[PDB]
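Peer 1: this one is an experimental structure. Sequence first:
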Amino acid sequence: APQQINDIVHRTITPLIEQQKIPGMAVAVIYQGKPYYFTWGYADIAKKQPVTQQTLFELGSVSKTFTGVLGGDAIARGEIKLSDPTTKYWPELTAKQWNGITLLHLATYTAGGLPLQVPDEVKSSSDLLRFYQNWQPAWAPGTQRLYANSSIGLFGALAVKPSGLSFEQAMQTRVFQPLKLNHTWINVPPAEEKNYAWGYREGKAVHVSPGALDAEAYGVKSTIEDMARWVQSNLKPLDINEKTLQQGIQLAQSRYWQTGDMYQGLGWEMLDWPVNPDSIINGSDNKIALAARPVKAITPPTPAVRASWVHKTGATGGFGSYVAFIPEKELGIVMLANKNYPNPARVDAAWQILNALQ
Ligand SMILES: [Cl-]
Ligand SMILES: [Zn+2]
């Protein structure tokens with residue numbers, strides 16, 4: 001890699017690892033469209049297995065960017081419209097509070113207070129219907145954003161219904177395979193477990209446990225190389241030969257809602273570039289990121305703005321991930337760690353690197 005990239009990465013990430021006690025980490029810096037890879041530490045501490053460019057990490061909510069793009073691909077196929085009512089795809093949701101709640105609301109966390117988590121007691125299809133049938137909104141739809149797995153998670157499950165495919169099969173055939181993400185998994189196969197890093201929570205090795213709508217909301221595992229390719233695909237949609245996927249990527253970076261200086265995409269979140277770094281750092285703190293905030297609609301949605309900071313944080317019990325990129329500059333970063341450490345530290349490190357290379 002160029003000397004300037006090696007220097008800033010060492011001076012930014014090695015101290016981050018020192019400060020946050022991260023056992024293993026993989027970083028890709030995309031510079032002038034090309035990825036440069038860095039690894040530190042261990043995928044499995046007790047086995048002394050190093051992090052490599054083939055190590056799988058839990059992406060947590062970075063999974064939502066895949067869900068948003070898969071939804072965008074469905075829009076471009078004419079299979080769904082974001083204005084469609086939820087009940088078009090789930091007629092059994094007869095409770096009156098669902099009148100007026102569209103796929104747009106589900107995708108962008110604006111249905112009116114759907115909760116952050118689907119409750120752990122939901123283990124069956126009927127449990128899930130009961131949950132949504134009895135949920136009472138705190139706000140009218142399209143007025144408040146409340147980040148929620150139960151919102152975008154349901155969006156993903158319904159967006160694939162017209163195709164007749166399962167969510168996992170739709171994602172594999174329509175997103176992973178065309179983009180040659182051949183080491184990206186909703187369910188890690190037995191032959192790849194050897195590359196599945198352990199996450200570490202309070203010194204204990206952990207993996208994410210099954211939950212309702214997990215594949216849609218937080219269930220993808222991937223390598224640093226496949227995640228660099230995901231960033232390249234989102235930086236350069238016109239290089240994707242499948243038109244519906246090219247358009248799906250673009251639609252996921254459309255701006256549908258604004259609150260403060262932040263815009264909500266489909267999975268992705270965006271700000272205008274140049275960005276105020278303190279706003280992305282401070283806004284990544286869960287005290288803000290998980291809070292209810294009024295939104296203003298953008299009608300029609302703004303088509304993907306190349307001068308944007310586009311990003312997403314993700315966490316599981318044992319992992320912490322961050323992706324950010326700037327289409328106008330062909331500049332991006334992927335940070336995958338097997339400890340869940342605070343989002344503001346992730347964003348600050350990412351901005352120090354990309355700011356140095358702009
Ligand atoms: Cl140094
Ligand atoms: Zn040093």
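Peer 2: Noted; the coordinates are in hand. Residues are numbered from 1 along each chain as shown. Ligands and ions are numbered 1, 2, ... in the order given.
Peer 1: can you report phi and psi for the nearest residue to residue 276 once chain neighbours are set aside?
Peer 2: Of all residues not flanking residue 276 in the chain, residue 261 sits nearest, at 6.9 Å (C-beta to C-beta, 6 or more residues apart in numbering). C-beta: built from backbone N, CA, C; applies to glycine. Dihedral angles of residue 261 (phi, psi; degrees, to the nearest 10) stand at phi -100, psi 10.
Peer 1: quick check: residue 261 vs residue 23, distance?
Peer 2: 34 Å (C-beta to C-beta, to the nearest Å).
Peer 1: which one of these two is surrounded by more residues?
Peer 2: residue 23 (22 against 12; other C-beta atoms under 10 Å).
Peer 1: my read: that one touches residue 45, true?
Peer 2: Yes. Using C-beta atoms under 8 Å, residue 23 is in contact with residue 45, at 5.5 Å.
Peer 1: need the residues that contact the host helix or strand of residue 35.
Peer 2: According to DSSP states H and E, residue 35 maps onto strand 34-44. Strand 34-44 is touched from outside by 1-2, 5, 9, 13-14, 17, 22-30, 48-53, 55, 195-198, 205, 224-225, 228-229, 231-232, 338, with contacts defined as C-beta atoms under 8 Å, 6 or more residues apart in numbering.
Peer 1: any of those buried? List them.
Peer 2: Buried by 16 or more other C-beta atoms under 10 Å: 5, 9, 13, 17, 22-30, 49, 51-53, 55, 195-198, 205, 224-225, 228-229, 231-232, 338, out of these.
Peer 1: which ones among those residues are found in strands?
Peer 2: 24-30, 49, 205 (DSSP state E).
Peer 1: follow-up on the earlier one: if you count neighbours, what's buried in the strand holding residue 35?
Peer 2: Within strand 34-44, judged by 16+ other C-beta under 10 Å, the buried ones are 35, 37-44.
Peer 1: tell me the one of the residues you listed nearest residue 294?
Peer 2: Of all those, residue 35 has the smallest distance to residue 294: 38.2 Å, by C-beta to C-beta.
Peer 1: is residue 121 in a helix, a strand, or coil?
Peer 2: coil (DSSP: H, G, I helix; E, B strand; the rest coil).
Peer 1: pretty sure it contacts residue 127?
Peer 2: Yes. Taking contacts as C-beta under 8 Å, residue 121 lies within contact range of residue 127: 6.8 Å.
Peer 1: of these two, which one has the most company?
Peer 2: Remark: of residue 121 and residue 127, residue 127 carries more neighbours, 13 against 10, as counted by other C-beta under 10 Å.
Peer 1: give me the contact list for the host helix or strand of that one.
Peer 2: Using DSSP H and E, residue 127 maps to helix 125-134. By C-beta under 8 Å, 6+ apart, the residues outside helix 125-134 that reach it are 92-95, 98, 118-119, 121-122, 150, 154, 212-213.
Peer 1: perfect, that will be all.
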